[PDB]
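Residue numbers (the working numbering): 716 to 770. Built from N, CA and C at the ideal position, the CB exists for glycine as well.
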Ligand SMILES: [Zn+2]
Ligand SMILES: [Zn+2]
């Protein structure tokens with residue numbers, strides 16, 4: 716029964732850049748796999764890393 720008011724199919728569920736799904740490649744800060752580099756561990760992140768110093 717006719718056709719129109721739609722067509723743009725695509726379905727872009729596969730990033731061109733990283734390959735991984737969920738985002739488009741325009742918005743690809745594809746993961747750089749390192750937890751805390753500042754020490755080396757991957758328990759924590761530099762934005763948190765002061766080792767520890769209480770309140
Ligand atoms: Zn990507
Ligand atoms: Zn650290």
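(1) I'd like to confirm something about residue 753: is its beta-carbon nearer than 7 Å to some heavy atom of ligand 2, or not?
(2) Quick one: does the C-beta of residue 762 sit closer than 7 Å to a heavy atom of ligand 2?
(3) Given a cut-off of 8 Å on the beta-carbon distance, is the pair residue 740 and residue 751 in contact?
(4) Could you tell me the distance, in whole angstroms, from the CA atom of residue 745 to the CA atom of residue 728?
(5) Roughly how many angstroms separate the alpha carbons of residue 738 and residue 722, rounded to a whole number?
According to the structure data:
(1) What you label residue 753 is simply residue 38 of the chain shown in a count that begins at 1. Flag set: Cβ of residue 753 near ligand 2.
(2) What you label residue 762 is simply residue 47 of the chain shown in a count that begins at 1. False, no ligand heavy atom lies under 7 Å from that Cβ.
(3) Working through the chain shown from its first residue, we reach residue 740 at position 25. Working through the chain shown from its first residue, we reach residue 751 at position 36. Not closer than 8 Å, so no.
(4) Here the question's residue 745 lines up with position 30 in the chain shown. Here the question's residue 728 lines up with position 13 in the chain shown. Near 15 Å, if we compare the C-alpha coordinates of residue 728 and residue 745.
(5) The sequence position of residue 738 within the chain shown is 23, counting from 1. The sequence position of residue 722 within the chain shown is 7, counting from 1. Computed Cα separation, rounded: 21 Å.
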